[PDB]
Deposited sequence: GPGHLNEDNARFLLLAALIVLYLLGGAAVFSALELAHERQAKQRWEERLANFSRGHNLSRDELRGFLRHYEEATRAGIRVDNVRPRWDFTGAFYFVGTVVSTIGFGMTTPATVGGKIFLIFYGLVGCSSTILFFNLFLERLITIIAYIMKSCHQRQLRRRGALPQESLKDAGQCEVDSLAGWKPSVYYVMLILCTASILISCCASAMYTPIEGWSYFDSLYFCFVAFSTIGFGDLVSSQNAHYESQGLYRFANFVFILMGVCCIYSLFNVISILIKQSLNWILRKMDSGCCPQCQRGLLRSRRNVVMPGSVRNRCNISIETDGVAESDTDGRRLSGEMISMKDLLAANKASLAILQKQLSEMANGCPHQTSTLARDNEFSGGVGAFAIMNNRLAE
């Protein structure tokens, strides 16, 4: 039964239901995957706290106050090991780069009322500009791929909007580009930041996808070797990876929309008895 509703509303409802099921399944998987590690780490921390309390003769009240003070310090940008100044010009540049790309690592956060108000306004404008930049970069990359494909075809036969690349081809190119960027960034990060290669790849995916957990943040140590060049390389790699991964997300979203249309059509056609865009859309008028 079609349900006397249009195709688009059915697509919206199906996508919402699928996302809810995906969230439930992912939550179950993650819990079953690392609840034990959580509990072990908590028990280890409790053992360490008890040992420290016994070994230096302090109750839990003074230790609680000290830990609260240290939490305030960390929120202010203090770490046990050496860390770069949090709100110098370079640190502020890192912070605004994280805000502008909606990454938000969290190592640098505003702590003043004026700071937070300016964060709101600046983030609004900059995030809009950055989404526009990502869309423009995706369009430019698609045009480049089309031009290169045309040139290669003309060279092959000798030996633009006409023959444009398909969605699958662009998705494959974006996938391999993201893999290469992540591999190079991890190759740089592993011997510099001291992380493992897998940890570097995980951080690369976290930063590129604009998730920005904040557990791993690059270029945060107080001093580096060739510090300016390292910072420039880190910025370039993060920007390139974020652009590539965002374009990949958009292309996979197009593919998922195609798949959603297909499954909706199949269910409407022969699965009922078997129980047992905005640019040409909203920008077009304002022109």
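Comparing the deposited sequence with the modelled residues shows gaps at 160 to 178, 296 to 384, with numbering starting at 1.
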